[PDB]
Amino acid sequence: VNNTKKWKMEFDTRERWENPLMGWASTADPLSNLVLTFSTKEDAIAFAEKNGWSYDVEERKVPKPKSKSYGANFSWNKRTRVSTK
Amino acid sequence: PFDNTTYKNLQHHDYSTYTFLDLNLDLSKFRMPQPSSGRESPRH
């Protein structure tokens, strides 16, 4: 999960087309590889507003806390018995 | 008379392949009713 720690700013992907000579991916987008790293959401929003970029923000999706019990694998009367191990 | 010279466990010379399971079938009538988990299996 170490790649889910920081905020990122990317841009909308523009056209990539086939190079007629070699088949390479040609682009005319200068911002196609620009990925910026931010510690918080507000730093990224301030940097986008400072540069006149129209932005959209997705909230951080954290995994919710799970209830883990190894003994639940071997319950007396619940469906959470494992059939194998 | 006290005997300490013969091996008294000579019954297992006459055990067949279904001796254990026929003994379990004989013992099935002596036993208490089993407890229930309330469902037919953990996949029910």
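For this entry, the PDB record names cryo-EM as the structure determination method and reports a resolution of 2.3 Å.

Applying the stated rule across the entire model yields three salt bridges over all chains. For the salt bridge of A:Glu59 with A:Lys41, the shortest nitrogen-to-oxygen distance reads 3.2 Å. Of this pair, A:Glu59 sits in the segment after α1 (41-50) while A:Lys41 sits in helix α1; the two residues are 18 residues apart in sequence, bridging distant segments of the chain. For A:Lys41, a relative accessible area of 21% puts it in the partly exposed group. For B:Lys29, the salt bridge identified is with B:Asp26, shortest N-O distance 2.4 Å.

This paragraph deals with the interface of chain A and chain B. Taken together, the contacts link five residues of chain A with six residues of chain B. The junction of chain A with chain B conceals about 520 Å² of combined surface from both sides, 56% of it contributed by carbon and sulfur atoms. The largest share of the area that chain A buries against chain B comes from A:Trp76, A:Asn77 and A:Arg79, three residues that together contribute 81% of it. Along the contact surface separating chain A from chain B lie two residue pairs in polar contact. In the side of chain A that touches chain B, the residues fall into one nonpolar, one polar and three charged.

Reading the values: the criteria
Residues numbered from 1 in each chain as written, not as in the entry; some residues may be left out. Chains lettered and ligands numbered in written order. Part of a larger assembly, values for the part shown. Heavy atoms only, no water. Salt bridge = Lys/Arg side-chain N within 4 Å of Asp/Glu carboxyl O. Helix = DSSP H or I, 4+ residues; strand = E, 2+ residues; numbered from the N terminus. Buried < 20%, exposed > 50% of the residue type's maximum accessible area, 1.4 Å probe, protein only. Contact = heavy atoms within 4.5 Å. Buried area = accessible area lost by both parts, 1.4 Å probe. Polar contact = N/O pair within 3.5 Å; in protein donor to acceptor, adjacent residues only side chain to side chain. Nonpolar A, V, L, I, M, F, W, Y, C, P; charged D, E, K, R; others polar.

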